[PDB]
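Presented as structure tokens, the chain that follows is alone, the form deposited in one PDB entry.
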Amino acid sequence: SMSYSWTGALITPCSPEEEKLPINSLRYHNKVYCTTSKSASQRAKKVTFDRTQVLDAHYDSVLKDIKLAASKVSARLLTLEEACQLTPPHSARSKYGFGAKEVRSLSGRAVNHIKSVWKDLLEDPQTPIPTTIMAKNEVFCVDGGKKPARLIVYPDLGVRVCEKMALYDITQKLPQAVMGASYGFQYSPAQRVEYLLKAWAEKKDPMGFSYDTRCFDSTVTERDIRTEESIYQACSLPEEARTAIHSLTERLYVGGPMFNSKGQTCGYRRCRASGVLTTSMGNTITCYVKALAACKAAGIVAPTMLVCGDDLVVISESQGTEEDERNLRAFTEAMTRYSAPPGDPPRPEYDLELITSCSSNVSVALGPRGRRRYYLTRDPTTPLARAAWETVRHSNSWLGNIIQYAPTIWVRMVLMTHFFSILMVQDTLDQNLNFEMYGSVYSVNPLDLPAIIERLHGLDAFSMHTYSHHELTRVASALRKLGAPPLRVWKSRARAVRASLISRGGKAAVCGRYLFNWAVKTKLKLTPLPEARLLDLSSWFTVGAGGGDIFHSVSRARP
């Protein structure tokens, strides 16, 4: 069927929008742009297409294996209170006279509304649950042609809290149980790099590829979503959870009406809703089922897979150049029949460093003893374009980028320097900041960055040097494109930021010493941070990182 039908009503904004920075620094005015609801119709057309799905014995066999693996899981309902605390503080307010603040504080109006939503899920398994469709306002660098806005489709806040009560515990247990080491979200960046190097090394002759599905959410069929429900139902669950999961599947996940911000009927969806709890989990499991079945259909030899939502990497035993091309073509044809055709056809790679996945590539630099250190990086154009917009306007993406890409030269020299300088000038350094990342929210105090970085990337993230020529060229090109200061200027700025941080003492001084050790002549010998050992970041290493309206925070476990 068609992924979407449209009434012709526009995708409308809820708040005023800006395509360009106001000329009210104004050095980036013509270097950056923001997507708005004005390009929503162009995106709507791109995400609307017919799906045909033909499954075979390879798909059937893999699905039977997943269902048996899911049978081992036991999951429980979350209490209303647990689901309320997982809700981010600025999650889109309900249409029923309450917002995330009232949800988190367990106010009478919010609680009573959520209880009647839950009761309604138990009593009615069919009435379509309305959704809102919105165009995202995201920043990119001017370069072919302006990117149209991405679209999000979500149910009301009351329904979102109910999804957590029914399925949150499943999202924390089911993906690892059915996918094992293939489940991408479980790894910190250092552990992902370790897994990739190990998978590459355990091949007699390694060949790898990334597989980019064209608009994965739209390729997800009604049958794929009802199959996801049957994988959920294979778990040992309380009866109440089974009823609510079935009702959420038929009333919301399989499809339903979409309304614009004005309350006008906008369209009808027959594919994945971008803004529901099960998007990240369902995409991960469904991508995994299709890809493993396609590996079997193609004759991919000894595959090792890594899956994060719709991002997929397959590392296997090379069968020779001609055979590898033939097997990848056969892999693409099988993925196409399963309703997952590619954007660009996959290419066999014989160097792990040449594979791009989740917009990232593995790069090499040297450590304190001149030993090789592998890390994930990416083109910094979009992170730097967003940092420029957010500095000119207010406050976010910079914190998410610092955390994910802490060992990169562009984070160390540019992002870290600029944002620690802004934090001190604002005198709002010792505050927890909330930042949005793929539909979920994280609360991090910047003063805790050294311990967080050590836990995620290791102590080598503060002592890496001799970055690659490709990496240095990519960073210098991005800064030039944006008309931003070159790398040579960031060292002098970092010395000042480091001095200011040290002069403040305490945690601020630890940030100065660890994060900016690269900027000084007389390097200190950085030792492991005892605080890093106590960190509890359990929720961070789950599908919750890829979406689902989840609030993640930094906890500290007792020894």
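Whichever C-alpha set is largest while still superposing within 1.5 Å between the two forms counts as the rigid core. Just count from 1 along the sequence shown to find any residue number.
Form deposited in another entry: not shown, discussed below.
Visitor: State which of the options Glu138, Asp379, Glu82, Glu317 undergoes a Cα shift of 2 Å or more between this form and the one not shown, taking the core as fixed.
Guide: Correct option: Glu82.
Visitor: Taking the rigid core as the reference frame, tell me whether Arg493 has a CA displacement of 2 angstroms or more between this form and the one not shown.
Guide: Where the cores coincide, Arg493 shows only a C-alpha shift between this form and the one not shown that is less than 2 Å.
Visitor: Is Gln53 one of the residues whose Cα moves 2 Å or more between this form and the one not shown, with the core superposed?
Guide: It does not reach a 2 Å shift.
Visitor: On a core-based superposition, does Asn30 travel 2 Å or more at its Cα between this form and the one not shown?
Guide: Comparing the forms between this form and the one not shown, which are aligned on their rigid core, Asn30 does shift its C-alpha by 2 Å or more.
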